[PDB]
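Form deposited without this ligand, single chain, as structure tokens, below.
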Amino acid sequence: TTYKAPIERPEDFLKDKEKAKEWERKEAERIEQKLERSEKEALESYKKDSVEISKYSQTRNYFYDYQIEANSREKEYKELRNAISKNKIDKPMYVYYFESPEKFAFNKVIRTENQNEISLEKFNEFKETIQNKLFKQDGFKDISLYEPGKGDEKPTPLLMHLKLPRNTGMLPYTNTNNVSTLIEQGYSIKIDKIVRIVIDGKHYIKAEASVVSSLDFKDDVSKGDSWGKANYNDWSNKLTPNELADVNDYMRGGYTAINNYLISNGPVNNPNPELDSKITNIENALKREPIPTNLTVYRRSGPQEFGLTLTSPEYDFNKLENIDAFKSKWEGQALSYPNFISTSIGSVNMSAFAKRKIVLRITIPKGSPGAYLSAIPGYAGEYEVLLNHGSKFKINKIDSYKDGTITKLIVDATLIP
């Protein structure tokens, strides 16, 4: 039943640097024979501009489809992405890399770079920050295949020991006299265990991390639409006529009256049985065929969703103090929506919400209520997934990016069951 690999390796090289580097060099030479000339050229460009190429691969998919196509960095992105995808690994591989604790919204400082010790207080604070959370990792990154020792670069107090699952793209390559391994990331990680370790008198937190598989179509709306239609083409027929009629009414513009009623706390202030009945039916419809796999969706959120307005000075994310204030208020916090929440399987910008500065990137766990409404023909919504009213979201991490000269935010959140 097991595939025999061309160059044998264990799942983890552990502290064995010599054996890891030997394997990595042999793999780099082996995979080089599978690469196309345009793929080899993309790898050469990568070594001369890795920082900018990596930053581009993190946020390229948030633009309009025509902007992605027109971007001068897109050709290089596609070629380097294809190169890594030429070596999907046959069995899991544990990798190692140093990470900033800020990557997990930990701002209390594990220890300063010049400091040695890690207090029990900071270790416990870090544990409570990362426990029971998923964190999206995205973009090109170089990783190591063995545990660092004395002679190795250790730029932070946090060491990631991450299990890459089978079929993850991994590209070992040569760079002048050295060898490195490139991955594209693009998955959720969970930190299962943290331990204090000592390397040459200095203390580090070693984080045992694993990938929690999910669908994330990003700018590939065609692939997302195929998945949505494969799972929800027969959804309309699973509903009662009243449920289907209320879902249809909502989709055709009834969402304004229903959601305004929910936002205004209408069930408490002025109960409307006709609106309550529609809400009941739509909620039931969303529970008929739960989201069948962990799924990432994207919502271009209005400032009112985060207690701001279009003219609020706090909504100007071009100022670093406004980003820091937003992160302080929302990172690690829960956000509950009284209304139904429309999202898209695509991360691309859309003309209807062109100027919205907040991109809510939601991971929906398997079994959540929801439905791919765009499986119903002739609908305005773009590749739409509707989430149930009253949904709660845990905000895990917030990032920023530039959309032209306007700074926008990416809010990495998880739907709570």
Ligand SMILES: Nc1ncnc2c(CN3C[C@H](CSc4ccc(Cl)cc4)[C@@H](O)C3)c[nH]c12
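In this text, rigid core is short for the largest set of C-alphas that superpose within 1.5 Å between two forms. Residue numbers here begin at 1 and follow the sequence given.
Not on display, but discussed next: the form solved in complex with this ligand.
*Asks:* Site status for this ligand after superposition of its pose in the entry with it bound: open, or blocked by 3 or more ligand atoms within 2.4 Å of backbone or C-beta atoms?
*Replies:* Site status blocked, 3 or more atoms under the 2.4 Å cut.
*Asks:* Out of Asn322, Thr343, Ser188, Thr296, which one falls within 4.5 Å of this ligand in the entry with it bound, going by heavy atoms?
*Replies:* Answer to the contact question: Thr343.
*Asks:* Could you work out which of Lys278, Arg300, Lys122, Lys327 is the residue within 4.5 angstroms of this ligand in the entry with it bound, going by heavy atoms?
*Replies:* It is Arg300 that has a heavy atom within 4.5 Å of the partner.
*Asks:* With this ligand left out here, work out from 49-57, 66-74, 353-361, 26-34 which stretch has heavy atoms within 4.5 Å of it in the entry with it bound.
*Replies:* Every other range fails; the passing one is 353-361.
*Asks:* Is there a heavy atom of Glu384 lying 4.5 Å or less from a heavy atom of this ligand in the entry with it bound?
*Replies:* Because a heavy atom of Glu384 falls inside 4.5 Å of this ligand in the entry with it bound, the answer is yes.
*Asks:* If you fit the two forms on their rigid core, which residue out of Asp65, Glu382, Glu36, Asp49 shows a CA shift of at least 2 Å between the shown form and the other one?
*Replies:* None of the others reach 2 Å, which leaves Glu382.
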